[PDB]
Structures are given as structure tokens and as C-alpha cells.
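As given, the protein sequences belong to chains C and X, one line each in that order. The UniProt record's numbering applies: residue 3 is where the first sequence begins, and numbers increase by one. The UniProt record's numbering applies: residue 3 is where the second sequence begins, and numbers increase by one. Just so you know, even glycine gets a beta-carbon here, dropped at the ideal spot from N, CA and C. Data first, discussion second: the structure below is written as C-alpha cells.
There are 2 protein chains.
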Amino acid sequence: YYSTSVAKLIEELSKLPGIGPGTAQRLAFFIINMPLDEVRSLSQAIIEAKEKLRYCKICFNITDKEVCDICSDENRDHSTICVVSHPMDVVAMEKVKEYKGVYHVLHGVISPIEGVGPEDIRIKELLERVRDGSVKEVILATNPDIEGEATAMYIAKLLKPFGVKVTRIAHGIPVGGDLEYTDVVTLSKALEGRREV
Amino acid sequence: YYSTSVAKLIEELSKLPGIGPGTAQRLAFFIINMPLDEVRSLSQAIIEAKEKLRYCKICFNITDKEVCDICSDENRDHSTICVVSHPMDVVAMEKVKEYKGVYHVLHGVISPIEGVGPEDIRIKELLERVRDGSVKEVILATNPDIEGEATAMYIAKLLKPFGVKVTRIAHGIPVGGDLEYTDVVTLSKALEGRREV
Ligand SMILES: [Zn+2]
Ligand SMILES: [Zn+2]
């Protein structure tokens, strides 16, 4: 079949997302052909990322320290909080280079097979950050999904009673998109949200 | 090479957009194999569409009559005009099923190799429709292009001095899009345009 070990690697690698049995092989071999120092590194890396991983006690983003890097920054507005459902969403948001607020990851909002060793949702703490802080606005940056919606709504409900300006990220036509082509839904929301001048 | 006629058809067909030399052949043969009545139809069709074509004297959309079907409808708000740069944009807009205004195609806004037998731009008439009508709003439904912009702007300028509410179609994240994935620009506009609650 396959050298019992090489067999093994293929299995591990295949368990990965988007990594199919074919591309699995190609990689097993590259790896195996790689230089033992290079190989070690790929290996330390994979394991140390798992144990070291931790979740900011302030915003619940992924990070390696007790409190995340954004949070403990100082050069950033801790009075605008950008709400988000999944930690990658921050890395998306964060390549914007023109946002200066902090964030809040609601976790178990996306709870597919969640609670993986104890992954639970964080709405309560979002409130207490607002209920007990001095927050100006709360930007909901969640999916135009029918799932991204209803979060945006719900949460706008829990926050409305406070003094905060709750706002949602804009839905419509992507920069460099063509309405000639766009989805009707899309372009249908694109209508609903037309803004003066 | 190719039966001189079959040769010919391939040439004509290839002149078409997105129709490449290979797919050209496949079609030539299907066609040629098609039933002479079916073939005639494809043929009448192609030519009659060209001559019959005409441009609504009211909104400058493509149509076969002297004035377009929307325009002469009655069941539609002729006081909301949806501005657009290219007649397909209307067919996009029009599958929305929740717009009840009329439109205006600015033509030579998209003037690539325009003036094809006399295709010229229609901004002036957009004004006179407003300057001499009773129009409530003017929805600019143009591309998040850097080209779609500047139209939206310019035209909002020409109309501002009137009483009209000028509004632009919304830019951001497509319905069923994922900001985890979206373009930075996109998602960067998606920020700029955040709307309360
Ligand atoms: Zn943090
Ligand atoms: Zn018309």
C-alpha cells in the first residue's frame, strides 16, 4: 500500500479541511523529502500553537498571552467595540488599517459542534463590557448571512436600552463588483439601504 | 480545412464575446445539424432584433416601441427615477420585483468605443426630466467600481441644486458573502457606511 509511516501521515493530513486524499500524498512526499531541520520546525510549530493557544480575557479573541495585543495597546479606542462572531473575522477586520476600536468575539454564536473541550458563547460579557464601561459605539460586523442577521438584531436589542450607538456593517455591492452580475438578494438589500447624496 | 460555408459560420460566431475558436466549432455543427425550421428561427431572430431595436425617447432603455414599457406603464412611480449607466443594469434592477420607480439610462457614461452609428451620452435629458418634472428621488444605481463612483458623485452634484433626494445604492457585503473572505476594499467600504441600529 504505502510505507506504514507514510501511510500514517496521509491519514493525519487527510483529516484536515480541504485536504483531499490526492493532495494529501503530494504533501506527504514533499514533507518527507524536506530537510530534517525544516521538518522539525513545521512540527514544533503545529504542536506549540495548540498548547500555547489562549483566549483574551477581555475580548475573547485568539492569542498567546493573558490579554490580547489589541486590548492592551493603548493606542486604540476601547470605547468603540467591534462585534464579530468568529476570531478570523477580527483578522479580516484588522487588515483594514483604518479601524482603531477594540473588538468582542461572541463565540458560541457560531456553535456548529462547539464546546470543543469547553467552547461556550460570550454575549453576557459583551453586555458587562458595555453595562460597566464607557463605550461610545458597538459596530456589529457580522455576515449578510441569514445567520449573520438575527445576531446583529438580537444584540442590537440587548444594547439598545443602554446609551450606545449600535450600528451594522454595510450590506450591498462589493467594491469592484458589478450589479449587472450581482445576486438579486444582494442587489435587493443594496436598494433597501440607499443613502442620501 | 473546413467546408467553405462551415468555415464562414465559424468566423462569424468567433467574432462573438466569450465565444472561442473551439466552442465555435461545437456550435457550428449543432446549428448545422439543427432542423431547418429551428435554424430559420435562430436566424430571423438574430436579424430582427438588430433592426427593430430602438431606444426609449423617455428613459433611453432598449426597447422595440417608441417609448419603453416601463415608462408607459401607469402602475409605476414616475417620480422616482433610478439612474444607471448601461441598459442591462435595468434588467438587473428589474428582477428585484420590489422597485416601482422608472429609470434613466445614461448611455455614453460607458463610452469604451461608443458612438456606434451614433451612441451618445444622456445626462442633459436626465436633468430636464428633473428640471421640468416633479421627481421625488433619484436613486443612483451605479458600480462600486472606481468608475461607478464619480458618476454617482458628478450626478449628485448636477441634481443637488434641485429639490430632489439623491441617494446611492448601498456598498458593502453581498448577501451570502463572508467578510472572512471579502475584499478589503469592499469590507473597508462596509465599515465606512455603518448605519445605526
Ligand atoms: Zn483582546
Ligand atoms: Zn423608458
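> Along chain X, in chain order, which residues have C-beta atoms closer than 7 Å to that of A143/C?
Replying inline: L181
>> Below 9 Å on C-beta distance, what does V168/X contact in chain C?
In response: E198, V199
> Given a threshold of 16 other Cβ atoms within 10 Å of its Cβ, counted over all protein chains shown, does residue 242/X qualify as buried or as exposed?
Replying inline: The question about residue 242/X has no answer here: the residues shown for chain X are numbered 3 through 199.
> By Cβ distance, which residues of its chain are closer than 8 Å to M95/C, with the 5 residues on each side in sequence left out?
Replying inline: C84, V86, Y101, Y105, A143
> So what's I34/C in DSSP terms, helix, strand or just coil?
Replying inline: helix
> By how many angstroms is the C-alpha of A154/X removed from the C-alpha of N145/X?
Replying inline: 9 Å
> Do we get a CB-CB distance below 8 Å when we pair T188/C with the residues of chain X?
Replying inline: yes
> Since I175/X meets chain B, which of its residues come closer than 8 Å, beta carbon to beta carbon?
Replying inline: Absence of chain B from the displayed structure is noted, the protein chains being C and X.
> Using 8 Å as the limit for Cβ to Cβ distance, is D185/X near chain C?
Replying inline: yes
>> According to DSSP, is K159/X part of a helix, a strand, or is it coil?
In response: helix
>> Along the chain, where does the alpha helix (DSSP H) containing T188/X start, and where does it finish?
In response: 186-194
> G24/C by DSSP, collapsed to three states: which one?
Replying inline: helix
>> Is any non-hydrogen atom of ligand 2 found closer than 7 Å to the C-beta of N63/C, if you look at the structure I gave you?
In response: no
> Do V8/C and ligand 1 come close, with the Cβ less than 7 Å from some heavy atom?
Replying inline: no
> Under the DSSP definition of a beta bridge, which residues are partnered with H106/X?
Replying inline: Beta-bridge pairing links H106/X to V85/X.
>> Let me check you understand the geometry: is the CB of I171/C closer than 7 Å to at least one non-hydrogen atom of ligand 2?
In response: no
> Does any heavy atom of ligand 4 sit closer than 7 Å to the C-beta of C58/C?
Replying inline: Looking for ligand 4 in the displayed structure turns up nothing; the ligands present are ligand 1 and ligand 2.
> Is any heavy atom of ligand 1 found at a distance shorter than 7 Å from the C-beta of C84/C?
Replying inline: no
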